[PDB]
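What follows is a single chain, given as structure tokens, in the form deposited in one PDB entry.
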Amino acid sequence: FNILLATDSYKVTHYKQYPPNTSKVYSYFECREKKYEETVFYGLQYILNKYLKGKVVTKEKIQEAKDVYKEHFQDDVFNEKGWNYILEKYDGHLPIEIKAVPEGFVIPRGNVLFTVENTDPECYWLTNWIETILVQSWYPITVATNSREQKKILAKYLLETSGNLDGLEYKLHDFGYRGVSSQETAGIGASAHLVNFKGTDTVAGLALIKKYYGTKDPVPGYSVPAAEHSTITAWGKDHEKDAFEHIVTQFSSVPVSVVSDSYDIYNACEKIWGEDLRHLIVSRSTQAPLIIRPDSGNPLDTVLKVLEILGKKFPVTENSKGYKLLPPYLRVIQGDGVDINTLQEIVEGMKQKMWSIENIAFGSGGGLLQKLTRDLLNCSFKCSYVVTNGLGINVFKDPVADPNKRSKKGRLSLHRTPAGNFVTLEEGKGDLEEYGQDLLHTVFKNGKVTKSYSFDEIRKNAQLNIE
């Protein structure tokens, strides 16, 4: 990795495009206004540690970038002078300052999340150079926000159907690994799901948390053994009971997820699980239940189908709220077609049918880690303040064509008003400190991470509240 080759190409030429005596370029990030009314600020620390901290510039990288740009542009348009200056004066450390709201904070749309500026007047071009790498925090932010929004649905419906929040943290399992664009995307997205939940299959998220954030607990995410069509079918139709028995006996002390639709769902439930192997299931611990995956079809219909047939063979009870509840050794997982919308439908549909949410857990692949863009929360990075010839300019973009909410102006700060509202103060109005302390803190300054947060602090900052 070489930071000198980690930017949009056109930004390499920017050191030649500014008015002379430009000493300061100040830029900020927000999730612009105009269902996701608030965002979970997560992911910056990862970027800061992995790509920006310490000696990121060397003689080798300078010459490597010089050679690539020469061919790529078919012209000498690379700042060897400016980059050699960072190497000589700062030992390749970036003379930049990043200030940001604490990770895991829940912030309404249209508020500053983080700001960037150069610290040395000579490195005015550096602010826009690192824009590309920083804007990429749109992804862990979007992943964390959507994952938190799904947790709200689950919390509301588990409280409405049971009066408790039992296993809430395990009700949305991450299955996204194979559905994402890369190994790095997987790790980042999985770490972002884990901000709100404790169940993943994207092992990549565990090593990411341990390396860049840390938890007091031995792991940030958990999983259970599971049996798919590929393993069941290798046994053959006449050995489905033998398959089921082998799997459940191997995983006696922990929960086990087993597919029911390989041959015949009704027979797997009613006859195999409900008759032949019933002695092995009824014996199971509340901590180690058998989890059944439904047949393919409508996510609500298949869930409803499974619940009803299991209820014909196993003792179903009415909880404190009057909702149908399966025995503790038996649970259901819906891992087909789950996104923020279908989740709301399955849980509403279950309530209507007097079935508790205590019974069900969900799985999400592409709809949790891939079918997401910078467009969802309107993640924007704009320059708001420039110092040319000692003269400060409150820069912005207010186009008449797309009005939107438009770019903010000048130096920025985030505050929580006495009334508990988040406010972003423009044109340096925050320097008045009328609205309390600035919520943004210096996380990065001149090649050093100055402020860090453990994943536990993040989790705690991201907590659901009974307001």
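Each form is matched to the other, and the largest set of C-alpha atoms that superpose within 1.5 Å is called the rigid core. The numbering used is simple: start at 1 and walk along the sequence shown.
There is also a form deposited in another entry; it is not shown, and the following applies to it.
Participant: Kindly specify the one residue in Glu122, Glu270, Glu88, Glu160 whose Cα moves by 2 Å or more between this form and the one not shown, with superposition done on the rigid core.
Facilitator: The one that shifts is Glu270.
Participant: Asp375: CA shift of at least 2 Å between this form and the one not shown after core fit?
Facilitator: Shift of 2 Å or more: no.
Participant: If you line up the core, does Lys237 shift 2 angstroms or more at its C-alpha between this form and the one not shown?
Facilitator: Shift of 2 Å or more: yes.
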